[PDB]
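Engineer: So that we are looking at the same thing, I have put the structure below in structure tokens.
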Amino acid sequence: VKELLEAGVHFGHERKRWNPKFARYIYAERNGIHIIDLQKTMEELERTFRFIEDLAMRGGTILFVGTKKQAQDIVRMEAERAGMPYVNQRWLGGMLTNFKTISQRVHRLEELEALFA
RNA sequence: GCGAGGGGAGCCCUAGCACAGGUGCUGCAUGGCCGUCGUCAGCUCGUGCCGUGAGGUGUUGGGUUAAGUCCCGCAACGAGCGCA
Ligand SMILES: [Mg+2]
Ligand SMILES: [Mg+2]
Ligand SMILES: [Mg+2]
Ligand SMILES: [Mg+2]
Ligand SMILES: [Mg+2]
Ligand SMILES: [Mg+2]
Ligand SMILES: [Mg+2]
Ligand SMILES: [Mg+2]
């Protein structure tokens with residue numbers, strides 16, 4: 001039961017601050033705000049979830065990234081509640097593209113994890 | 001070797017020979033050691049990112065220190081010669 005739970009308080013967002021390539025997903029500009037098409041979210045939802053379903057059961061990994069302040073914390077809840085990785089404070093340059101190197105910092109962390117206890 | 005002592009074994013001489021010797025020149029052929037900017041807060045590298053490219057970013061910015069000293073930020077994340 002997704003559906004009207006979306007209308008819940010989760011439809012529409014910003015205004016005249018838009019990217020016009022996002023025009024297809026918009027239902028209207030009621031009250032000078034861009035109300036995003038409720039139901040197209042649903043059509044995008046299943047397709048997405050289906051990719052996650054597949055990815056999940058294949059034992060793969062999602063990386064959760066929310067550094068904007070309202071998401072900061074609700075990201076680290078759900079990611080831990082999924083045993084998945086998350087990036088929370090700052091996205092660093094090349095966490096992915098220079099992974100090997102940024103990894104060496106994980107490597108260092110648990111050398112110091114190893115000198116507290 | 002001879003029972004009557006001649007054969008360049010050390011050693012020492014003179015006569016030749018290979019050589020020694022040169023604080024003669026070139027610090028603009030050099031090593032090394034030194035002076036010097038300056039004990040000044042700097043100079044870089046790896047990988048990533050940006051640029052057709054030289055290169056850039058990091059090392060800019062805000063605060064702070066004697067200090068590229070530390071801090072906060074940040075397409076950078078770290079490191080090395082320095083600083084201490
Ligand atoms: Mg950062
Ligand atoms: Mg000279
Ligand atoms: Mg010299
Ligand atoms: Mg001279
Ligand atoms: Mg290129
Ligand atoms: Mg330092
Ligand atoms: Mg300074
Ligand atoms: Mg010192």
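Labels for the structure tokens follow display order: chains A, B, ..., residues from 1 in each chain, ligands from 1.
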Could you write out, as a PyMOL selection string, all the residues of chain A that DSSP marks as helix (DSSP H, G or I)?
Structural biologist: chain A and resi 4-7+20-22+30-32+38-57+72-80+99-115
Engineer: Within 12 Å of residue 79 (chain B), counting only C-alpha atoms (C1' of nucleotides), which residues show up once you throw out same-chain ones fewer than 2 positions away? Write them as a PDB file with N, CA and C atoms (P, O5', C5', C4', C3', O3' and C1' of nucleotides), in the first residue's frame, please.
Structural biologist:
ATOM      1  N   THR A 101      42.533   4.228  -3.183  1.00  0.00           N
ATOM      2  CA  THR A 101      43.291   5.149  -2.375  1.00  0.00           C
ATOM      3  C   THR A 101      42.516   5.600  -1.176  1.00  0.00           C
ATOM      4  N   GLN A 104      42.643   2.922   1.523  1.00  0.00           N
ATOM      5  CA  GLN A 104      43.789   3.027   2.443  1.00  0.00           C
ATOM      6  C   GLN A 104      43.543   3.825   3.715  1.00  0.00           C
TER       7      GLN A 104
ATOM      8  P     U B  44      58.305  23.551  -7.095  1.00  0.00           P
ATOM      9  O5'   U B  44      58.290  21.960  -7.104  1.00  0.00           O
ATOM     10  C5'   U B  44      57.138  21.192  -6.686  1.00  0.00           C
ATOM     11  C4'   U B  44      57.614  19.799  -6.350  1.00  0.00           C
ATOM     12  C3'   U B  44      56.698  18.615  -6.623  1.00  0.00           C
ATOM     13  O3'   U B  44      56.890  18.100  -7.938  1.00  0.00           O
ATOM     14  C1'   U B  44      57.500  18.446  -4.436  1.00  0.00           C
ATOM     15  P     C B  45      55.708  17.362  -8.769  1.00  0.00           P
ATOM     16  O5'   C B  45      55.667  15.877  -8.184  1.00  0.00           O
ATOM     17  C5'   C B  45      56.850  15.043  -8.067  1.00  0.00           C
ATOM     18  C4'   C B  45      56.535  13.824  -7.230  1.00  0.00           C
ATOM     19  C3'   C B  45      55.275  13.084  -7.655  1.00  0.00           C
ATOM     20  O3'   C B  45      55.571  12.163  -8.689  1.00  0.00           O
ATOM     21  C1'   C B  45      55.231  13.427  -5.333  1.00  0.00           C
ATOM     22  P     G B  46      54.418  11.614  -9.676  1.00  0.00           P
ATOM     23  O5'   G B  46      53.536  10.705  -8.700  1.00  0.00           O
ATOM     24  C5'   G B  46      53.911   9.354  -8.361  1.00  0.00           C
ATOM     25  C4'   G B  46      52.828   8.698  -7.542  1.00  0.00           C
ATOM     26  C3'   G B  46      51.432   8.654  -8.154  1.00  0.00           C
ATOM     27  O3'   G B  46      51.217   7.612  -9.101  1.00  0.00           O
ATOM     28  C1'   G B  46      51.291   9.300  -5.885  1.00  0.00           C
ATOM     29  P     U B  47      50.641   7.935 -10.566  1.00  0.00           P
ATOM     30  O5'   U B  47      49.087   7.647 -10.411  1.00  0.00           O
ATOM     31  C5'   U B  47      48.663   6.479  -9.741  1.00  0.00           C
ATOM     32  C4'   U B  47      47.453   6.785  -8.920  1.00  0.00           C
ATOM     33  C3'   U B  47      46.355   7.587  -9.594  1.00  0.00           C
ATOM     34  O3'   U B  47      45.552   6.833 -10.500  1.00  0.00           O
ATOM     35  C1'   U B  47      46.689   8.366  -7.384  1.00  0.00           C
ATOM     36  P     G B  58      43.950  23.930  -4.314  1.00  0.00           P
ATOM     37  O5'   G B  58      44.488  22.668  -3.505  1.00  0.00           O
ATOM     38  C5'   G B  58      43.573  21.749  -2.875  1.00  0.00           C
ATOM     39  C4'   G B  58      44.255  20.424  -2.663  1.00  0.00           C
ATOM     40  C3'   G B  58      45.513  20.481  -1.826  1.00  0.00           C
ATOM     41  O3'   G B  58      45.128  20.599  -0.473  1.00  0.00           O
ATOM     42  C1'   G B  58      45.930  19.172  -3.735  1.00  0.00           C
ATOM     43  P     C B  77      40.040  16.120   1.016  1.00  0.00           P
ATOM     44  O5'   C B  77      40.657  14.682   0.705  1.00  0.00           O
ATOM     45  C5'   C B  77      39.881  13.483   0.905  1.00  0.00           C
ATOM     46  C4'   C B  77      40.757  12.277   0.734  1.00  0.00           C
ATOM     47  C3'   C B  77      42.003  12.263   1.597  1.00  0.00           C
ATOM     48  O3'   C B  77      41.688  12.024   2.964  1.00  0.00           O
ATOM     49  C1'   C B  77      42.581  11.648  -0.587  1.00  0.00           C
ATOM     50  P     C B  81      60.698  12.366   4.646  1.00  0.00           P
ATOM     51  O5'   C B  81      61.467  13.615   4.029  1.00  0.00           O
ATOM     52  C5'   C B  81      62.615  13.379   3.207  1.00  0.00           C
ATOM     53  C4'   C B  81      63.042  14.651   2.522  1.00  0.00           C
ATOM     54  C3'   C B  81      63.301  15.894   3.366  1.00  0.00           C
ATOM     55  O3'   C B  81      64.544  15.924   4.052  1.00  0.00           O
ATOM     56  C1'   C B  81      62.020  16.509   1.520  1.00  0.00           C
TER      57        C B  81
END
Engineer: Can you tell me which residues come within 12 Å of ligand 8 when counting only C-alpha atoms (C1' of nucleotides) and all ligand atoms, ideally as number ranges by chain?
Structural biologist: B: 39, 67, 82-84
Engineer: Output N, CA, C and O atoms (P, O5', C5', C4', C3', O3' and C1' of nucleotides) for every residue in that selection, as a PDB file, in the first residue's frame.
Structural biologist:
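The new file result.pdb reads:
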ATOM      1  P     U B  39      69.462  32.934   7.796  1.00  0.00           P
ATOM      2  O5'   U B  39      69.805  31.522   8.442  1.00  0.00           O
ATOM      3  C5'   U B  39      69.043  30.948   9.523  1.00  0.00           C
ATOM      4  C4'   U B  39      67.657  30.565   9.073  1.00  0.00           C
ATOM      5  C3'   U B  39      66.560  30.787  10.105  1.00  0.00           C
ATOM      6  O3'   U B  39      65.411  31.229   9.394  1.00  0.00           O
ATOM      7  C1'   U B  39      66.643  28.514   9.577  1.00  0.00           C
ATOM      8  P     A B  67      54.334  32.580  11.426  1.00  0.00           P
ATOM      9  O5'   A B  67      54.618  31.152  10.805  1.00  0.00           O
ATOM     10  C5'   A B  67      55.551  31.094   9.723  1.00  0.00           C
ATOM     11  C4'   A B  67      55.963  29.680   9.479  1.00  0.00           C
ATOM     12  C3'   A B  67      54.837  28.683   9.207  1.00  0.00           C
ATOM     13  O3'   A B  67      54.373  28.687   7.849  1.00  0.00           O
ATOM     14  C1'   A B  67      56.339  27.791  10.801  1.00  0.00           C
ATOM     15  P     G B  82      64.564  16.093   5.638  1.00  0.00           P
ATOM     16  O5'   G B  82      64.556  17.673   5.795  1.00  0.00           O
ATOM     17  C5'   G B  82      63.390  18.309   6.333  1.00  0.00           C
ATOM     18  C4'   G B  82      63.224  19.673   5.731  1.00  0.00           C
ATOM     19  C3'   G B  82      62.806  20.752   6.718  1.00  0.00           C
ATOM     20  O3'   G B  82      63.900  21.309   7.468  1.00  0.00           O
ATOM     21  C1'   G B  82      61.310  20.742   4.912  1.00  0.00           C
ATOM     22  P     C B  83      63.753  21.583   9.068  1.00  0.00           P
ATOM     23  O5'   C B  83      62.285  22.175   9.208  1.00  0.00           O
ATOM     24  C5'   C B  83      62.046  23.549   8.938  1.00  0.00           C
ATOM     25  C4'   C B  83      60.839  23.988   9.699  1.00  0.00           C
ATOM     26  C3'   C B  83      60.807  23.591  11.162  1.00  0.00           C
ATOM     27  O3'   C B  83      61.631  24.452  11.942  1.00  0.00           O
ATOM     28  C1'   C B  83      58.737  23.061  10.153  1.00  0.00           C
ATOM     29  P     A B  84      62.434  23.866  13.198  1.00  0.00           P
ATOM     30  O5'   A B  84      61.274  23.192  14.052  1.00  0.00           O
ATOM     31  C5'   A B  84      60.346  23.978  14.812  1.00  0.00           C
ATOM     32  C4'   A B  84      59.370  23.069  15.532  1.00  0.00           C
ATOM     33  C3'   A B  84      59.935  21.987  16.450  1.00  0.00           C
ATOM     34  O3'   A B  84      60.292  22.373  17.778  1.00  0.00           O
ATOM     35  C1'   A B  84      58.387  20.991  15.015  1.00  0.00           C
TER      36        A B  84
END
Engineer: Could you list the protein, DNA and RNA residues that have any atom within 12 Å of ligand 5, counting only C-alpha atoms (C1' of nucleotides) and all ligand atoms, and write them as a ChimeraX atom specification?
Structural biologist: /B:49-53,55-56
Engineer: Would you export the selected residues with N, CA and C atoms (P, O5', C5', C4', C3', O3' and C1' of nucleotides) as a PDB file, in the first residue's frame, please?
Structural biologist:
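The new file again_23.pdb reads:
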ATOM      1  P     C B  49      39.862  10.110 -12.694  1.00  0.00           P
ATOM      2  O5'   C B  49      39.477  11.649 -12.566  1.00  0.00           O
ATOM      3  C5'   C B  49      38.199  12.010 -12.013  1.00  0.00           C
ATOM      4  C4'   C B  49      38.180  13.450 -11.545  1.00  0.00           C
ATOM      5  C3'   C B  49      38.448  14.511 -12.590  1.00  0.00           C
ATOM      6  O3'   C B  49      37.277  14.683 -13.355  1.00  0.00           O
ATOM      7  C1'   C B  49      39.646  15.047 -10.665  1.00  0.00           C
ATOM      8  P     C B  50      37.389  14.751 -14.932  1.00  0.00           P
ATOM      9  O5'   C B  50      37.704  16.294 -15.182  1.00  0.00           O
ATOM     10  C5'   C B  50      36.950  17.347 -14.521  1.00  0.00           C
ATOM     11  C4'   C B  50      37.586  18.691 -14.788  1.00  0.00           C
ATOM     12  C3'   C B  50      38.211  18.868 -16.161  1.00  0.00           C
ATOM     13  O3'   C B  50      37.248  19.315 -17.075  1.00  0.00           O
ATOM     14  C1'   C B  50      39.707  19.636 -14.548  1.00  0.00           C
ATOM     15  P     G B  51      37.343  18.834 -18.570  1.00  0.00           P
ATOM     16  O5'   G B  51      38.583  19.658 -19.132  1.00  0.00           O
ATOM     17  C5'   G B  51      38.451  21.064 -19.425  1.00  0.00           C
ATOM     18  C4'   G B  51      39.771  21.636 -19.874  1.00  0.00           C
ATOM     19  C3'   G B  51      40.401  20.987 -21.096  1.00  0.00           C
ATOM     20  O3'   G B  51      39.842  21.401 -22.340  1.00  0.00           O
ATOM     21  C1'   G B  51      42.050  21.396 -19.452  1.00  0.00           C
ATOM     22  P     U B  52      39.385  20.272 -23.358  1.00  0.00           P
ATOM     23  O5'   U B  52      40.777  19.691 -23.843  1.00  0.00           O
ATOM     24  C5'   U B  52      40.901  18.366 -24.285  1.00  0.00           C
ATOM     25  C4'   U B  52      41.971  18.346 -25.317  1.00  0.00           C
ATOM     26  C3'   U B  52      43.378  18.621 -24.810  1.00  0.00           C
ATOM     27  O3'   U B  52      44.012  17.475 -24.265  1.00  0.00           O
ATOM     28  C1'   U B  52      42.961  19.832 -26.797  1.00  0.00           C
ATOM     29  P     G B  53      44.493  17.494 -22.752  1.00  0.00           P
ATOM     30  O5'   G B  53      45.817  18.362 -22.880  1.00  0.00           O
ATOM     31  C5'   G B  53      46.668  18.134 -24.009  1.00  0.00           C
ATOM     32  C4'   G B  53      47.652  19.267 -24.201  1.00  0.00           C
ATOM     33  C3'   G B  53      48.296  19.793 -22.946  1.00  0.00           C
ATOM     34  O3'   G B  53      49.388  18.931 -22.706  1.00  0.00           O
ATOM     35  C1'   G B  53      47.574  21.620 -24.247  1.00  0.00           C
ATOM     36  P     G B  55      54.104  21.534 -18.065  1.00  0.00           P
ATOM     37  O5'   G B  55      53.639  22.906 -17.409  1.00  0.00           O
ATOM     38  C5'   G B  55      52.910  22.966 -16.175  1.00  0.00           C
ATOM     39  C4'   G B  55      51.608  23.696 -16.364  1.00  0.00           C
ATOM     40  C3'   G B  55      50.751  23.678 -15.119  1.00  0.00           C
ATOM     41  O3'   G B  55      51.135  24.622 -14.153  1.00  0.00           O
ATOM     42  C1'   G B  55      49.436  22.995 -16.944  1.00  0.00           C
ATOM     43  P     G B  56      51.048  24.201 -12.612  1.00  0.00           P
ATOM     44  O5'   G B  56      49.482  24.061 -12.345  1.00  0.00           O
ATOM     45  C5'   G B  56      48.708  25.257 -12.221  1.00  0.00           C
ATOM     46  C4'   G B  56      47.238  24.985 -12.349  1.00  0.00           C
ATOM     47  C3'   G B  56      46.621  24.385 -11.114  1.00  0.00           C
ATOM     48  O3'   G B  56      46.381  25.457 -10.253  1.00  0.00           O
ATOM     49  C1'   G B  56      45.872  23.206 -13.005  1.00  0.00           C
TER      50        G B  56
END
Engineer: Any idea what's packed within 12 Å of region 81-89 of chain A, counting only C-alpha atoms (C1' of nucleotides), ignoring anything in its chain fewer than 5 positions away? Could you give it as number ranges by chain?
Structural biologist: A: 56, 59-76, 95-96
Engineer: Once you have the residues from the selection above, write them out as a PDB file, in the first residue's frame, restricted to C-alpha atoms.
Structural biologist:
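Wrote selection.pdb, looks like this:
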ATOM      1  CA  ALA A  56      19.488  -7.214  -3.178  1.00  0.00           C
ATOM      2  CA  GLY A  59      23.819 -10.285  -2.585  1.00  0.00           C
ATOM      3  CA  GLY A  60      25.134  -7.061  -4.167  1.00  0.00           C
ATOM      4  CA  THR A  61      25.510  -3.642  -2.557  1.00  0.00           C
ATOM      5  CA  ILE A  62      23.893  -0.283  -2.528  1.00  0.00           C
ATOM      6  CA  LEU A  63      25.843   2.809  -1.438  1.00  0.00           C
ATOM      7  CA  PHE A  64      23.561   5.272   0.287  1.00  0.00           C
ATOM      8  CA  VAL A  65      24.568   8.909  -0.092  1.00  0.00           C
ATOM      9  CA  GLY A  66      22.801  11.730   1.674  1.00  0.00           C
ATOM     10  CA  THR A  67      24.898  14.621   2.827  1.00  0.00           C
ATOM     11  CA  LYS A  68      22.192  17.279   2.755  1.00  0.00           C
ATOM     12  CA  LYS A  69      21.293  18.053   6.363  1.00  0.00           C
ATOM     13  CA  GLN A  70      17.639  16.797   6.538  1.00  0.00           C
ATOM     14  CA  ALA A  71      18.829  13.409   5.259  1.00  0.00           C
ATOM     15  CA  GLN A  72      22.137  13.227   7.180  1.00  0.00           C
ATOM     16  CA  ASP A  73      20.666  10.929   9.831  1.00  0.00           C
ATOM     17  CA  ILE A  74      17.709   9.094   8.311  1.00  0.00           C
ATOM     18  CA  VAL A  75      20.237   7.751   5.783  1.00  0.00           C
ATOM     19  CA  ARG A  76      22.560   6.250   8.431  1.00  0.00           C
ATOM     20  CA  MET A  95      35.476   7.666  -3.011  1.00  0.00           C
ATOM     21  CA  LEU A  96      34.604   5.603  -6.118  1.00  0.00           C
TER      22      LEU A  96
END
Engineer: Please return, as a ChimeraX atom specification, all residues of chain A lying within 7 Å of chain B when only C-alpha atoms (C1' of nucleotides) are considered.
Structural biologist: /A:92-94,97-98,101-102
Engineer: Output the neighbourhood of ligand 3 as a list in words, that is, all protein and nucleic acid residues with some atom at most 8 Å from the ligand, counting only C-alpha atoms (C1' of nucleotides) and all ligand atoms.
Structural biologist: residues 27, 30, 31 and 32 of chain B
Engineer: Limited to C-alpha atoms (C1' of nucleotides), could you put the picked residues into a file as a PDB file, in the first residue's frame?
Structural biologist:
ATOM      1  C1'   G B  27      86.986  25.545 -10.090  1.00  0.00           C
ATOM      2  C1'   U B  30      85.301  17.559 -11.820  1.00  0.00           C
ATOM      3  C1'   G B  31      84.618  14.904  -6.576  1.00  0.00           C
ATOM      4  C1'   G B  32      84.552  16.474  -1.955  1.00  0.00           C
TER       5        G B  32
END
Engineer: Grab me every residue within 12 Å of ligand 7, counting only C-alpha atoms (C1' of nucleotides) and all ligand atoms, and send it over as a PyMOL selection string.
Structural biologist: chain B and resi 41-42+59+63-71+83
Engineer: Could you save the residues just selected, with C-alpha atoms (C1' of nucleotides), as a PDB file, in the first residue's frame?
Structural biologist:
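And here's selection36.pdb as it stands now:
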ATOM      1  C1'   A B  41      58.253  28.417   4.954  1.00  0.00           C
ATOM      2  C1'   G B  42      58.771  26.766   1.600  1.00  0.00           C
ATOM      3  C1'   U B  59      49.444  23.861  -1.849  1.00  0.00           C
ATOM      4  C1'   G B  63      40.592  31.426  11.273  1.00  0.00           C
ATOM      5  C1'   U B  64      45.719  30.698  13.660  1.00  0.00           C
ATOM      6  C1'   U B  65      50.800  30.191  14.465  1.00  0.00           C
ATOM      7  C1'   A B  66      57.568  31.367  14.912  1.00  0.00           C
ATOM      8  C1'   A B  67      56.339  27.791  10.801  1.00  0.00           C
ATOM      9  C1'   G B  68      52.676  24.460   4.327  1.00  0.00           C
ATOM     10  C1'   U B  69      51.862  25.279  12.867  1.00  0.00           C
ATOM     11  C1'   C B  70      47.316  23.651  13.805  1.00  0.00           C
ATOM     12  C1'   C B  71      41.875  24.311  12.857  1.00  0.00           C
ATOM     13  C1'   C B  83      58.737  23.061  10.153  1.00  0.00           C
TER      14        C B  83
END
Engineer: Would you pick out the contacts of region 28-45 of chain A at 9 Å or less, using only C-alpha atoms (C1' of nucleotides), so that residues sharing its chain but fewer than 5 positions from it are not included, and give the list as number ranges by chain?
Structural biologist: A: 2-4, 6-7, 10-16, 18, 50
Engineer: Write a file of the selected residues as an mmCIF file, in the first residue's frame, keeping N, CA, C and O atoms.
Structural biologist:
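Wrote selection_5.cif, looks like this:
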data_model
loop_
_atom_site.group_PDB
_atom_site.id
_atom_site.type_symbol
_atom_site.label_atom_id
_atom_site.label_comp_id
_atom_site.auth_asym_id
_atom_site.auth_seq_id
_atom_site.Cartn_x
_atom_site.Cartn_y
_atom_site.Cartn_z
ATOM 1 N N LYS A 2 1.436 1.583 -1.178
ATOM 2 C CA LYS A 2 2.146 2.845 -1.377
ATOM 3 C C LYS A 2 1.006 3.817 -1.771
ATOM 4 O O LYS A 2 0.142 4.085 -0.940
ATOM 5 N N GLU A 3 0.975 4.339 -2.995
ATOM 6 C CA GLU A 3 -0.273 4.877 -3.587
ATOM 7 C C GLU A 3 -0.729 6.303 -3.105
ATOM 8 O O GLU A 3 -0.350 7.333 -3.680
ATOM 9 N N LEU A 4 -1.561 6.353 -2.076
ATOM 10 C CA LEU A 4 -2.067 7.613 -1.546
ATOM 11 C C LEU A 4 -1.204 8.005 -0.352
ATOM 12 O O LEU A 4 -1.283 9.115 0.160
ATOM 13 N N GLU A 6 1.795 8.211 -0.710
ATOM 14 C CA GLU A 6 2.623 9.209 -1.370
ATOM 15 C C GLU A 6 1.984 10.585 -1.178
ATOM 16 O O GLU A 6 2.615 11.456 -0.581
ATOM 17 N N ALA A 7 0.732 10.789 -1.608
ATOM 18 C CA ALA A 7 0.073 12.093 -1.325
ATOM 19 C C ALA A 7 0.207 12.483 0.162
ATOM 20 O O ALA A 7 0.214 13.673 0.463
ATOM 21 N N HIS A 10 4.263 14.183 0.432
ATOM 22 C CA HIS A 10 5.453 13.672 -0.289
ATOM 23 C C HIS A 10 5.481 13.861 -1.847
ATOM 24 O O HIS A 10 6.472 13.517 -2.507
ATOM 25 N N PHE A 11 4.377 14.369 -2.407
ATOM 26 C CA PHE A 11 4.230 14.753 -3.829
ATOM 27 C C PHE A 11 5.220 15.860 -4.258
ATOM 28 O O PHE A 11 6.439 15.701 -4.081
ATOM 29 N N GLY A 12 4.679 16.946 -4.835
ATOM 30 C CA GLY A 12 5.367 18.224 -5.143
ATOM 31 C C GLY A 12 6.546 18.757 -4.343
ATOM 32 O O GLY A 12 6.657 18.499 -3.148
ATOM 33 N N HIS A 13 7.409 19.526 -5.023
ATOM 34 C CA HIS A 13 8.549 20.206 -4.386
ATOM 35 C C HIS A 13 8.784 21.635 -4.954
ATOM 36 O O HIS A 13 7.828 22.376 -5.074
ATOM 37 N N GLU A 14 10.025 22.001 -5.315
ATOM 38 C CA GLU A 14 10.471 23.412 -5.511
ATOM 39 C C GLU A 14 9.788 24.182 -6.661
ATOM 40 O O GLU A 14 8.851 23.678 -7.272
ATOM 41 N N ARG A 15 10.267 25.392 -6.966
ATOM 42 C CA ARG A 15 9.553 26.286 -7.879
ATOM 43 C C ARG A 15 10.440 27.319 -8.595
ATOM 44 O O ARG A 15 11.167 28.059 -7.935
ATOM 45 N N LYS A 16 10.380 27.353 -9.936
ATOM 46 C CA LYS A 16 11.155 28.297 -10.800
ATOM 47 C C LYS A 16 12.667 28.232 -10.546
ATOM 48 O O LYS A 16 13.409 29.141 -10.894
ATOM 49 N N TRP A 18 13.883 25.120 -11.279
ATOM 50 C CA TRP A 18 13.806 23.797 -11.935
ATOM 51 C C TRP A 18 14.816 23.550 -13.036
ATOM 52 O O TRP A 18 15.459 24.466 -13.515
ATOM 53 N N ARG A 50 12.366 -2.967 -8.387
ATOM 54 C CA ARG A 50 12.631 -4.224 -9.084
ATOM 55 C C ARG A 50 14.123 -4.429 -9.342
ATOM 56 O O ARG A 50 14.654 -5.531 -9.170
#
Engineer: Run DSSP on the backbone of this structure and report the residues of chain A it assigns to strand (DSSP E), as number ranges by chain.
Structural biologist: A: 26-28, 35-36, 64-65, 86-87
Engineer: Looking at B:62, B:6, B:80, B:21, which one is nearest to ligand 6, with distances taken over only C-alpha atoms (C1' of nucleotides) and all ligand atoms?
Structural biologist: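 Closest candidate: B:80.
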